[PDB]
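A.B. asks: Take a look at the following structure, please.
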Amino acid sequence: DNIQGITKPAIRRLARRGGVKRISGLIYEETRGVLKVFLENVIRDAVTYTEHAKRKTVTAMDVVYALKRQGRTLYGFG
Amino acid sequence: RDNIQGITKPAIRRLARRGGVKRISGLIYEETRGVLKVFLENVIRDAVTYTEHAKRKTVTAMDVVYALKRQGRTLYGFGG
Amino acid sequence: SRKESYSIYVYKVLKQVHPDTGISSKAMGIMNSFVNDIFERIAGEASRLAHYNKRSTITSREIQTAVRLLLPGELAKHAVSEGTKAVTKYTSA
Amino acid sequence: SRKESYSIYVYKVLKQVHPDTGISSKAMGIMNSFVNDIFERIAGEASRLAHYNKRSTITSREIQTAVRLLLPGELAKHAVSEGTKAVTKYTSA
Amino acid sequence: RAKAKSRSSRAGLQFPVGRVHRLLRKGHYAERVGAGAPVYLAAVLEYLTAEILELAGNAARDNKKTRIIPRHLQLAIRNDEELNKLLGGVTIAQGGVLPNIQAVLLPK
Amino acid sequence: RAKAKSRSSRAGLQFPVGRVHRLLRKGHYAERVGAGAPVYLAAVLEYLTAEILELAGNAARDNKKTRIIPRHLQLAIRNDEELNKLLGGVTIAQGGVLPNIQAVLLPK
Amino acid sequence: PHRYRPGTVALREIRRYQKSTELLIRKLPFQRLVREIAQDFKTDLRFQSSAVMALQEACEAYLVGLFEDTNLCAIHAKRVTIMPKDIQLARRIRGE
Amino acid sequence: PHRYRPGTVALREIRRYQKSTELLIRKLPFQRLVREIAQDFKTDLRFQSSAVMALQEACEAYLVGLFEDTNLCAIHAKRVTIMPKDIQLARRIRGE
DNA sequence: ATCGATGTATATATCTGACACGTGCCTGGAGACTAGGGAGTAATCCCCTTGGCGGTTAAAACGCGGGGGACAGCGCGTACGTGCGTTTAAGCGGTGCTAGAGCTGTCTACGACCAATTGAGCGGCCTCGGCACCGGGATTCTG
DNA sequence: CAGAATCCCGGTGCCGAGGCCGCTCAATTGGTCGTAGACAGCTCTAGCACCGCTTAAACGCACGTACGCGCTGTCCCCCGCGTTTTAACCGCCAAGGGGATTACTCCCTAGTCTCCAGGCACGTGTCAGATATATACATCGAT
């Protein structure tokens with residue numbers, strides 16, 4: 001159970017970059033679940049591309065293609 | 001021209017009723033007319049662009065289907 | 001000119017699923033659009049999968065992977081079994 | 001082995017716009033991916049336009065229409081203007 | 001010369017394997033098309049077609065009708081948690097909407 | 001056998017017309033590609049490149065820097081109403097967000 | 001005379017229009033609006049009988065969806081009456 | 001003694017983190033989470049050093065935008081404290 | 001009106017590794033010619049789009065009575081922010097191992113291209129029963 | 001608890017869906033052959049594991065003030081019902097602009113061969129940016 005590694009201070013820092021001034025005490029457990037749901041949908045696609053190529057090493061391009069398929073084009077990693 | 005006034009208050013109420021709205025403020029009508037006009041303008045510009053590329057003069061249902069498809073909304077029942 | 005359509009095949013399937021039921025012309029037009037939609041989506045992803053691996057040929061593995069990427073979990077789970085059974089019987093014939 | 005990128009042409013343009021400024025390798029990577037993206041968008045739409053009209057070839061008419069569909073109103077006018085200028089200079093050389 | 005037998009009859013499918021193979025060649029998706037691709041794609045399209053028509057027919061029966069109409073297709077798709085995900089961005093002509101009212105709006 | 005000279009020099013462009021022509025033929029977009037397509041596409045790509053670099057270079061001077069970095073590209077894109085519409089879905093690494101605080105949150 | 005209390009008829013209308021399927025905007029006024037907007041792009045255009053029906057179906061579907069989103073924004077503020085700021089918030093979050 | 005009033009340090013932090021561009025989540029704890037999630041799909045997988053960085057950049061870019069949307073729907077209710085129902089409304093209107 | 005304790009920024013000097021440039025060479029772009037079928041032009045058919053009249057009831061526009069909803073003001077009590085002292089484990093610098101990504105070589109099984117044959121499925125026609133409209137009766141639900 | 005709204009049942013009747021026929025052009029069977037890719041072996045990059053150390057960051061506690069929430073009052077703007085009127089909808093008649101097709105032929109692009117220069121790895125070195133120190137001056141909270 002490594003979800004606890006996303007600490008409360010880190011969530012507050014993310015909220016500050018987003019402009020949030022005051023934060024309620026229940027936001028932390030809601031945010032952990034949202035992030036956990038987001039990661040799984042990207043990793044499943046990356047692993048699918050890795051398996052089609054019969055490789056054993058997940059590669060940056062697999063992630064780039066997984067994100068582009070969802071409409072989240074990322075510039076910078078080739 | 002005045003043709004935008006053809007979208008009467010009762011028609012807007014019927015649309016709001018289908019969406020489940022129970023009570024409507026009196027300022028919603030002009031806002032809805034403004035929201036609708038930009039949507040029509042955007043779809044029609046693309047439709048006419050496809051019509052002009054084909055050198056046709058009549059606008060067909062396929063030009064509309066392709067325009068909507070490009071905007072990201074798919075219409076079933078008219079072709080394609 | 002002559003226009004092709006899937007209407008006869010959709011009707012054969014309907015007669016297999018519900019012999020007593022019929023279908024109107026508008027419903028047939030909708031079904032005829034749905035089939036072309038999914039056909040173009042699968043062929044598109046199979047094409048992308050081929051270019052990313054420098055392969056020159058589309059094969060059943062490209063179709064199977066495109067199906068696993070496009071359809072949700074249970075639908076993909078069943079469709080893969082249907083395609084595998086069809087290809088196996090075709091090759092054994 | 002040997003890779004292929006646009007970094008030479010991007011640097012040539014940079015020294016024409018701002019002859020006193022340089023660019024970091026991290027920014028060059030983003031500029032390199034930007035061209036590949038827009039190239040794929042335009043070539044895609046040009047292929048669809050050719051298929052709908054039942055034509056076998058891609059011409060400047062398909063490129064011009066794809067540009068007018070993809071780029072916003074102010075970018076489109078300038079892009080079309082200099083595309084036609086380039087083609088006219090090439091054909092008159 | 002042997003008597004011809006259709007590829008669909010060999011595979012046991014209703015959909016046309018020959019038409020699918022032709023469409024795969026004419027669309028320029030790739031320069032070569034393997035022999036197994038059209039049988040697999042035809043089997044998948046047939047599965048999804050029957051999967052939709054069954055729910056549409058059940059809706060038509062509940063309404064006490066005998067002919068399927070677009071209203072029944074809309075009711076079939078929007079009541080299934082998986083079909084609605086695959087066809088979320090699609091609007092069906094004459095489909096209408098599902099009955100739904102917010103609990104806050106109903107009288108005490 | 002006259003001395004060879006590049007098509008880009010004839011058109012007056014910096015980008016490679018030959019490489020673009022090759023990439024079109026290798027993509028299977030169509031069975032035939034006309035002579036004018038690569039010159040037009042090269043000119044379009046050169047235009048959009050020069051516009052992006054001009055705005056990024058202006059943003060560099062406003063920070064007394066002499067080298068362009070991703071932050072300057074992000075600020076150049078997000079401050080222009082035309083470029084921001086074209087690149088609305090793109091994420092740029094190391095770009096960060098623009099400074100913005102709602103007026104309701106400032107002190108009374 | 002007998003009179004229904006405020007809101008009793010509104011729920012009945014909601015049920016009526018959610019159960020039906022016909023189009024709700026008048027055809028001739030919409031057709032004239034479509035022909036008016038198009039005149040800005042190209043002159044002497046002509047339209048097929050089915051293109052106007054396709055445009056009307058698309059517009060009514062868009063507006064019904066926008067009202068569905070706006071009603072959730074109204075309830076969030078504990079109100080019943082929808083107001084323009086609810087539309088502006090829904091459109092801002094949708095990214096329109 | 002000396003003590004600042006509630007909210008001045010929060011505004012100073014907002015002005016701080018909107019100017020910088022570094023990553024805010026701890027690298028090693030995030031890497032262990034990525035390793036733990038991938039194990040449900042395939043065993044003995046290996047990850048390139050850049051794949052974890054691409055995933056971290058994508059996740060932080062997603063969460064910042066979600067908080068930006070949540071703050072507007074908090075202000076709309078005439079509050080300043082963000083609460084779970086604001087996230088739920090933003091996600092419902094976004095369609096995710 | 002202002003004090004004074006904190007905080008952010010600027011100005012100077014030292015360092016280091018990221019950037020710009022030059023060299024060698026090889027593989028991919030340019031020049032010259034041939035063959036052939038895709039696109040351009042002109043002419044014909046005919047269909048479906050635009051324009052008009054008459055007329056009847058379905059639907060929109062205008063008034064008004066009143067009640068229930070939106071909004072401002074007040075009290076209160078506890079949830080969150082600011083600041084300190086403690087302790088956990090992230091980050092870094094170094095060394096070593098070996099799993100597996102990337103490449104060259106051989107060759108044989110696969111798919112593309114032609115030709116001859118015929119039957120699958122598309123267009124035109126017939127018809128009859130599923131649906132819809134009218135009118136009257138039964139049940140529900142609200143003020 | 002009177003009475004206004006919705007549903008359903010029996011009768012009429014029509015034009016949309018189900019089935020038949022003619023027939024032609026798209027799919028099948030048989031053959032050749034060229035090269036795409038499956039398999040075997042090798043090199044050596046970079047992903048994984050372990051250790052010691054410093055100290056940046058996370059954790060736990062106290063406290064007090066600013067916010068969220070519930071209650072009360074009032075006033076005005078939506079809803080429901082009735083009358084008048086205006087322009088939507090249906091049905092019938094004209095005509096001609098433009099879409100869709102056929103036949104001809106020419107000029108554009110694909111393909112093969114030669115050959116030579118553009119641009120890709122590799123190596124070098126020097127100055128733009130990162131850091132430590134000192135200090136200027138701006139802001140916030142209490143008197």
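Residue numbering restarts at 1 in every chain; chains get A, B, ... in the order shown in the structure tokens, and ligands count up from 1 in that same order.
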Going by DSSP on the backbone, which bits of chain A are strand (DSSP E)? Write them as a PyMOL selection string, please.

C.D. replies: chain A and resi 22-23+57-58+74-75

A.B. asks: Quick one: pick out all alpha helix (DSSP H) residues within chain A from a backbone DSSP run and write them as an mmCIF file with C-alpha atoms, in the first residue's frame.

C.D. replies:
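Wrote it out as result25.cif, contents follow:
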data_model
loop_
_atom_site.group_PDB
_atom_site.id
_atom_site.type_symbol
_atom_site.label_atom_id
_atom_site.label_comp_id
_atom_site.auth_asym_id
_atom_site.auth_seq_id
_atom_site.Cartn_x
_atom_site.Cartn_y
_atom_site.Cartn_z
ATOM 1 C CA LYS A 8 -0.537 15.825 2.640
ATOM 2 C CA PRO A 9 2.166 18.513 2.131
ATOM 3 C CA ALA A 10 2.599 17.469 -1.520
ATOM 4 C CA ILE A 11 -1.151 17.734 -2.119
ATOM 5 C CA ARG A 12 -1.160 21.183 -0.512
ATOM 6 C CA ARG A 13 1.702 22.291 -2.792
ATOM 7 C CA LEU A 14 -0.278 21.102 -5.819
ATOM 8 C CA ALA A 15 -3.330 23.010 -4.572
ATOM 9 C CA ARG A 16 -1.193 26.149 -4.151
ATOM 10 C CA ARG A 17 0.048 25.977 -7.740
ATOM 11 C CA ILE A 27 -9.730 16.610 0.232
ATOM 12 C CA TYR A 28 -6.673 14.371 0.760
ATOM 13 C CA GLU A 29 -8.449 11.007 0.698
ATOM 14 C CA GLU A 30 -10.545 12.051 -2.315
ATOM 15 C CA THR A 31 -7.438 13.111 -4.253
ATOM 16 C CA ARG A 32 -5.605 9.856 -3.564
ATOM 17 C CA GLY A 33 -8.475 7.870 -5.089
ATOM 18 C CA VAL A 34 -8.657 10.146 -8.131
ATOM 19 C CA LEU A 35 -4.933 9.730 -8.834
ATOM 20 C CA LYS A 36 -5.091 5.961 -8.318
ATOM 21 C CA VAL A 37 -7.893 5.705 -10.890
ATOM 22 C CA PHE A 38 -6.018 7.904 -13.400
ATOM 23 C CA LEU A 39 -2.725 5.939 -13.306
ATOM 24 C CA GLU A 40 -4.276 2.507 -14.010
ATOM 25 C CA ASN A 41 -5.840 3.538 -17.339
ATOM 26 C CA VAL A 42 -2.465 4.742 -18.676
ATOM 27 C CA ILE A 43 -0.397 1.804 -17.398
ATOM 28 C CA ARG A 44 -2.796 -0.760 -18.896
ATOM 29 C CA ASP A 45 -2.270 0.745 -22.369
ATOM 30 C CA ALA A 46 1.496 1.063 -21.977
ATOM 31 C CA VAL A 47 1.723 -2.619 -21.013
ATOM 32 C CA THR A 48 -0.495 -3.540 -23.986
ATOM 33 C CA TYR A 49 1.930 -1.875 -26.409
ATOM 34 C CA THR A 50 4.891 -3.480 -24.625
ATOM 35 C CA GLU A 51 3.358 -6.959 -24.953
ATOM 36 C CA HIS A 52 2.467 -6.534 -28.640
ATOM 37 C CA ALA A 60 8.956 6.014 -22.949
ATOM 38 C CA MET A 61 7.338 5.775 -26.390
ATOM 39 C CA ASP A 62 4.766 3.311 -25.040
ATOM 40 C CA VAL A 63 3.695 5.964 -22.529
ATOM 41 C CA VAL A 64 3.714 8.735 -25.139
ATOM 42 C CA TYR A 65 1.403 6.664 -27.361
ATOM 43 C CA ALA A 66 -0.821 5.683 -24.420
ATOM 44 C CA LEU A 67 -1.341 9.353 -23.496
ATOM 45 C CA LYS A 68 -1.917 10.519 -27.085
ATOM 46 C CA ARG A 69 -4.689 7.939 -27.486
#

A.B. asks: Mind dumping a table of every chain I residue within 12 Å of chain C, with the nearest atom pair and its distance in Å to one decimal, using only C-alpha atoms (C1' of nucleotides), sorted by chain and rising number, as a tab-separated table?

C.D. replies:
residue	atom	partner	partner_atom	distance
I:110	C1'	C:57	CA	10.7
I:111	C1'	C:57	CA	9.5
I:120	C1'	C:8	CA	12.0
I:121	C1'	C:4	CA	9.2
I:122	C1'	C:2	CA	6.7
I:123	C1'	C:2	CA	8.3
I:130	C1'	C:22	CA	10.7

A.B. asks: Could you list, as a ChimeraX atom specification, every residue of chain E that has an atom within 12 Å of an atom of chain D, counting only C-alpha atoms?

C.D. replies: /E:26-29

A.B. asks: Convert the current residue selection to file output with C-alpha atoms, as a PDB file, in the first residue's frame.

C.D. replies:
ATOM      1  CA  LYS E  26      -8.880  -0.383 -51.185  1.00  0.00           C
ATOM      2  CA  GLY E  27      -8.489   1.752 -48.029  1.00  0.00           C
ATOM      3  CA  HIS E  28      -4.652   1.905 -48.241  1.00  0.00           C
ATOM      4  CA  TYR E  29      -4.280   0.908 -44.587  1.00  0.00           C
TER       5      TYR E  29
END

A.B. asks: Could you build a table of the residues in chain H lying no more than 9 Å from chain G, giving for each the nearest pair of atoms and their separation in Å rounded to one decimal place, using only C-alpha atoms, ordered by chain and ascending residue number, as JSON lines?

C.D. replies:
{"residue": "H:69", "atom": "CA", "partner": "G:93", "partner_atom": "CA", "distance": 6.7}
{"residue": "H:72", "atom": "CA", "partner": "G:89", "partner_atom": "CA", "distance": 8.2}
{"residue": "H:73", "atom": "CA", "partner": "G:89", "partner_atom": "CA", "distance": 7.8}
{"residue": "H:76", "atom": "CA", "partner": "G:77", "partner_atom": "CA", "distance": 7.4}
{"residue": "H:77", "atom": "CA", "partner": "G:77", "partner_atom": "CA", "distance": 5.2}
{"residue": "H:78", "atom": "CA", "partner": "G:77", "partner_atom": "CA", "distance": 8.3}
{"residue": "H:85", "atom": "CA", "partner": "G:76", "partner_atom": "CA", "distance": 8.8}
{"residue": "H:86", "atom": "CA", "partner": "G:76", "partner_atom": "CA", "distance": 8.9}
{"residue": "H:89", "atom": "CA", "partner": "G:72", "partner_atom": "CA", "distance": 8.1}
{"residue": "H:90", "atom": "CA", "partner": "G:93", "partner_atom": "CA", "distance": 7.2}
{"residue": "H:93", "atom": "CA", "partner": "G:69", "partner_atom": "CA", "distance": 6.7}
{"residue": "H:94", "atom": "CA", "partner": "G:94", "partner_atom": "CA", "distance": 5.9}
{"residue": "H:95", "atom": "CA", "partner": "G:94", "partner_atom": "CA", "distance": 8.8}

A.B. asks: Nearest to residue 87 in chain J among I:99, I:72, I:59, I:126, with distances taken over only C-alpha atoms (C1' of nucleotides): which residue is it?

C.D. replies: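 Of I:99, I:72, I:59, I:126, the one nearest residue 87 in chain J is I:59, counting only C-alpha atoms (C1' of nucleotides).
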
A.B. asks: Using only C-alpha atoms and a cut-off of 12 Å, which residues of chain F sit close to chain H? Please list them as a ChimeraX atom specification.

C.D. replies: /F:69-72,74-75,89-108

A.B. asks: Using only N, CA and C atoms, please write the residues we just selected to a file, as an mmCIF file, in the first residue's frame.

C.D. replies:
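out-v8.cif, written as the output of this step:
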data_model
loop_
_atom_site.group_PDB
_atom_site.id
_atom_site.type_symbol
_atom_site.label_atom_id
_atom_site.label_comp_id
_atom_site.auth_asym_id
_atom_site.auth_seq_id
_atom_site.Cartn_x
_atom_site.Cartn_y
_atom_site.Cartn_z
ATOM 1 N N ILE F 69 14.391 28.642 -23.325
ATOM 2 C CA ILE F 69 14.123 27.438 -22.540
ATOM 3 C C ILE F 69 12.623 27.172 -22.572
ATOM 4 N N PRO F 70 12.196 25.965 -22.192
ATOM 5 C CA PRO F 70 10.762 25.626 -22.270
ATOM 6 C C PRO F 70 9.812 26.629 -21.616
ATOM 7 N N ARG F 71 10.217 27.263 -20.516
ATOM 8 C CA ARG F 71 9.366 28.255 -19.865
ATOM 9 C C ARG F 71 8.994 29.386 -20.818
ATOM 10 N N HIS F 72 9.938 29.812 -21.658
ATOM 11 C CA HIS F 72 9.660 30.890 -22.599
ATOM 12 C C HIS F 72 8.695 30.443 -23.689
ATOM 13 N N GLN F 74 6.292 28.117 -23.226
ATOM 14 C CA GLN F 74 4.991 28.078 -22.565
ATOM 15 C C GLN F 74 4.387 29.472 -22.451
ATOM 16 N N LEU F 75 5.169 30.445 -21.969
ATOM 17 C CA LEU F 75 4.653 31.810 -21.873
ATOM 18 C C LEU F 75 4.287 32.383 -23.237
ATOM 19 N N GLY F 89 -4.806 21.288 -26.246
ATOM 20 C CA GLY F 89 -4.659 19.990 -25.611
ATOM 21 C C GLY F 89 -3.239 19.549 -25.329
ATOM 22 N N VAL F 90 -2.258 20.253 -25.891
ATOM 23 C CA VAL F 90 -0.851 19.907 -25.737
ATOM 24 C C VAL F 90 -0.335 20.270 -24.350
ATOM 25 N N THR F 91 0.439 19.359 -23.760
ATOM 26 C CA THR F 91 1.137 19.577 -22.497
ATOM 27 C C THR F 91 2.627 19.721 -22.779
ATOM 28 N N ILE F 92 3.239 20.784 -22.261
ATOM 29 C CA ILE F 92 4.670 21.040 -22.427
ATOM 30 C C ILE F 92 5.369 20.781 -21.100
ATOM 31 N N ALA F 93 6.341 19.873 -21.108
ATOM 32 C CA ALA F 93 7.109 19.567 -19.908
ATOM 33 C C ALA F 93 7.916 20.777 -19.443
ATOM 34 N N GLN F 94 8.051 20.927 -18.123
ATOM 35 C CA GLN F 94 8.762 22.050 -17.504
ATOM 36 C C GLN F 94 8.192 23.421 -17.861
ATOM 37 N N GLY F 95 6.958 23.497 -18.341
ATOM 38 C CA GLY F 95 6.375 24.770 -18.718
ATOM 39 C C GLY F 95 5.750 25.549 -17.574
ATOM 40 N N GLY F 96 5.139 24.852 -16.617
ATOM 41 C CA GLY F 96 4.441 25.485 -15.510
ATOM 42 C C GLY F 96 3.154 26.175 -15.947
ATOM 43 N N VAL F 97 2.538 26.867 -14.990
ATOM 44 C CA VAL F 97 1.302 27.601 -15.224
ATOM 45 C C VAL F 97 1.579 29.106 -15.260
ATOM 46 N N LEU F 98 0.581 29.866 -15.746
ATOM 47 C CA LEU F 98 0.622 31.321 -15.714
ATOM 48 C C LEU F 98 0.190 31.842 -14.343
ATOM 49 N N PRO F 99 0.742 32.971 -13.898
ATOM 50 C CA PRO F 99 0.304 33.555 -12.623
ATOM 51 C C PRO F 99 -1.104 34.130 -12.720
ATOM 52 N N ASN F 100 -1.971 33.726 -11.791
ATOM 53 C CA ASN F 100 -3.350 34.204 -11.776
ATOM 54 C C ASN F 100 -3.974 33.918 -10.418
ATOM 55 N N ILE F 101 -4.533 34.954 -9.790
ATOM 56 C CA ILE F 101 -5.242 34.847 -8.517
ATOM 57 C C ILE F 101 -6.591 35.541 -8.655
ATOM 58 N N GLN F 102 -7.655 34.874 -8.212
ATOM 59 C CA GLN F 102 -8.992 35.446 -8.299
ATOM 60 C C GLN F 102 -9.125 36.653 -7.374
ATOM 61 N N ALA F 103 -9.814 37.687 -7.866
ATOM 62 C CA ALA F 103 -9.971 38.932 -7.115
ATOM 63 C C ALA F 103 -10.694 38.740 -5.784
ATOM 64 N N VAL F 104 -11.519 37.701 -5.668
ATOM 65 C CA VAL F 104 -12.238 37.448 -4.420
ATOM 66 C C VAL F 104 -11.292 37.037 -3.299
ATOM 67 N N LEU F 105 -10.142 36.459 -3.640
ATOM 68 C CA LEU F 105 -9.198 35.951 -2.653
ATOM 69 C C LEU F 105 -8.235 37.003 -2.119
ATOM 70 N N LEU F 106 -8.058 38.125 -2.813
ATOM 71 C CA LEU F 106 -7.146 39.154 -2.338
ATOM 72 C C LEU F 106 -7.691 39.823 -1.078
ATOM 73 N N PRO F 107 -6.827 40.483 -0.307
ATOM 74 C CA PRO F 107 -7.284 41.111 0.939
ATOM 75 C C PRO F 107 -8.298 42.218 0.697
ATOM 76 N N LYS F 108 -9.161 42.414 1.688
ATOM 77 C CA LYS F 108 -10.208 43.427 1.627
ATOM 78 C C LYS F 108 -9.621 44.829 1.541
#

A.B. asks: Fit chain C to chain D, using all C-alpha atoms paired in sequence order for the least-squares superposition, and then show me the result as a tab-separated table (two decimals) with C-alpha atoms, in the first residue's frame.

C.D. replies:
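As a result, result13.tsv now contains:
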chain	number	residue	atom	x	y	z
C	1	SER	CA	21.78	3.79	-37.13
C	2	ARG	CA	21.31	7.47	-37.98
C	3	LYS	CA	18.43	9.64	-36.76
C	4	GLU	CA	16.98	12.51	-38.79
C	5	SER	CA	15.74	15.72	-37.20
C	6	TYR	CA	14.72	19.30	-38.05
C	7	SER	CA	17.21	20.86	-35.60
C	8	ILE	CA	19.40	22.49	-38.27
C	9	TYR	CA	16.41	24.05	-40.06
C	10	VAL	CA	14.90	25.38	-36.83
C	11	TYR	CA	18.30	26.87	-36.02
C	12	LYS	CA	18.54	28.56	-39.44
C	13	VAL	CA	15.12	30.12	-38.84
C	14	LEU	CA	16.15	31.25	-35.35
C	15	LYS	CA	19.29	32.85	-36.78
C	16	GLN	CA	17.05	34.71	-39.22
C	17	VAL	CA	14.55	35.93	-36.60
C	18	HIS	CA	16.97	36.65	-33.70
C	19	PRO	CA	20.68	36.44	-34.60
C	20	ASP	CA	21.88	37.11	-31.03
C	21	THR	CA	19.61	34.56	-29.29
C	22	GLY	CA	20.35	30.87	-28.70
C	23	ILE	CA	18.27	27.79	-27.91
C	24	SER	CA	18.66	24.98	-25.37
C	25	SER	CA	18.43	21.26	-26.17
C	26	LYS	CA	15.05	20.84	-24.43
C	27	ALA	CA	13.47	23.65	-26.45
C	28	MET	CA	14.81	22.00	-29.60
C	29	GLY	CA	13.17	18.72	-28.59
C	30	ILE	CA	9.84	20.49	-28.10
C	31	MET	CA	10.05	22.22	-31.48
C	32	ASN	CA	11.00	18.91	-33.10
C	33	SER	CA	7.80	17.38	-31.69
C	34	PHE	CA	5.54	20.30	-32.69
C	35	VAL	CA	6.63	20.03	-36.33
C	36	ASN	CA	5.78	16.32	-36.58
C	37	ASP	CA	2.43	16.95	-34.89
C	38	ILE	CA	1.24	19.53	-37.42
C	39	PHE	CA	2.69	17.51	-40.32
C	40	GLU	CA	0.61	14.46	-39.40
C	41	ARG	CA	-2.56	16.52	-38.87
C	42	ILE	CA	-2.40	18.20	-42.29
C	43	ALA	CA	-1.47	15.00	-44.15
C	44	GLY	CA	-4.39	13.25	-42.43
C	45	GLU	CA	-7.02	15.74	-43.53
C	46	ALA	CA	-5.58	15.93	-47.06
C	47	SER	CA	-5.97	12.16	-47.26
C	48	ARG	CA	-9.60	12.24	-46.11
C	49	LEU	CA	-10.39	14.99	-48.64
C	50	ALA	CA	-8.99	12.83	-51.46
C	51	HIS	CA	-11.07	9.71	-50.65
C	52	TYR	CA	-14.36	11.65	-50.33
C	53	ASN	CA	-13.95	12.79	-53.97
C	54	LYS	CA	-12.70	9.47	-55.42
C	55	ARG	CA	-9.43	11.12	-56.49
C	56	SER	CA	-6.21	9.10	-56.61
C	57	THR	CA	-3.75	12.03	-56.32
C	58	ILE	CA	-2.93	14.54	-53.59
C	59	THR	CA	-2.49	18.08	-54.94
C	60	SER	CA	-1.94	21.62	-53.70
C	61	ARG	CA	-5.74	22.09	-53.55
C	62	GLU	CA	-6.00	19.33	-50.94
C	63	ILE	CA	-3.28	20.99	-48.86
C	64	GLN	CA	-4.90	24.41	-49.17
C	65	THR	CA	-8.30	23.07	-48.09
C	66	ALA	CA	-6.80	21.12	-45.18
C	67	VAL	CA	-5.01	24.30	-44.06
C	68	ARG	CA	-8.27	26.26	-44.17
C	69	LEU	CA	-10.03	23.57	-42.12
C	70	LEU	CA	-7.33	23.09	-39.45
C	71	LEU	CA	-5.85	26.53	-38.72
C	72	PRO	CA	-7.75	29.49	-37.19
C	73	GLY	CA	-8.78	32.41	-39.37
C	74	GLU	CA	-5.81	34.79	-39.35
C	75	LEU	CA	-3.19	32.04	-39.31
C	76	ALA	CA	-4.89	30.34	-42.27
C	77	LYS	CA	-5.18	33.70	-44.02
C	78	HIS	CA	-1.42	34.23	-43.88
C	79	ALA	CA	-0.30	30.62	-44.44
C	80	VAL	CA	-2.32	30.41	-47.67
C	81	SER	CA	-0.47	33.45	-49.04
C	82	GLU	CA	2.89	31.96	-48.08
C	83	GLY	CA	2.16	28.65	-49.80
C	84	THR	CA	0.81	30.33	-52.92
C	85	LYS	CA	3.90	32.54	-53.22
C	86	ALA	CA	6.26	29.57	-52.76
C	87	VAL	CA	4.50	27.41	-55.37
C	88	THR	CA	4.32	30.31	-57.86
C	89	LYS	CA	8.04	31.04	-57.59
C	90	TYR	CA	8.93	27.34	-57.82
C	91	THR	CA	6.89	26.89	-61.01
C	92	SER	CA	8.20	30.10	-62.60
C	93	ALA	CA	11.83	29.00	-62.06

A.B. asks: For range 39-53 of chain I, list every protein, DNA or RNA residue within 10 Å, evaluated using only C-alpha atoms (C1' of nucleotides), and leave out those in the same chain fewer than 6 positions away; present the list as a list in words.

C.D. replies: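 Final neighbour list, sorted by chain and number: residues 58 of chain B; 55, 56 and 57 of chain D; 46, 47, 48 and 49 of chain G; 92, 93, 94, 95, 96, 97, 98, 99, 100, 101, 102, 103, 104, 105, 106, 107 and 108 of chain J.
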
A.B. asks: At a cut-off of 10 Å, can you tabulate as a tab-separated table every residue of chain J near chain G together with its closest atom pair and the distance in Å to one decimal, using only C-alpha atoms (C1' of nucleotides) and ordering rows by chain then number?

C.D. replies:
residue	atom	partner	partner_atom	distance
J:3	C1'	G:2	CA	9.0
J:4	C1'	G:2	CA	8.9
J:78	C1'	G:6	CA	9.1
J:79	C1'	G:6	CA	5.6
J:80	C1'	G:6	CA	7.1
J:81	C1'	G:3	CA	8.3
J:88	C1'	G:28	CA	7.8
J:89	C1'	G:28	CA	9.8

A.B. asks: Which residues, written as number ranges by chain, have at least one atom at most 12 Å from residue 18 in chain F, with only C-alpha atoms (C1' of nucleotides) counted and residues fewer than 4 positions away on the same chain left out?

C.D. replies: F: 5-9, 11, 13-14, 22-25, 35-39, 41-42; I: 28-30; J: 118

A.B. asks: Residues of chain I within 12 Å of chain G, using only C-alpha atoms (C1' of nucleotides), as a VMD selection string?

C.D. replies: chain I and resid 48 to 50 59 to 60 66 to 71 141 to 143

A.B. asks: Would you mind reading off the distance between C1' of residue 14 in chain I and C1' of residue 128 in chain J, one decimal, in Å?

C.D. replies: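 These atoms are spaced 13.7 Å apart.
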
A.B. asks: Pull out every residue of chain J sitting within 10 Å of chain A, counting only C-alpha atoms (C1' of nucleotides), and send them as a ChimeraX atom specification.

C.D. replies: /J:47,57-58

A.B. asks: How close does chain A get to chain D? List, as a tab-separated table, each residue of chain A within 10 Å, its nearest atom pair and the distance in Å to one decimal, counting only C-alpha atoms.

C.D. replies:
residue	atom	partner	partner_atom	distance
A:73	CA	D:37	CA	9.6
A:74	CA	D:30	CA	9.4
A:75	CA	D:30	CA	5.6
A:76	CA	D:30	CA	4.9
A:77	CA	D:29	CA	7.7
A:78	CA	D:33	CA	6.6
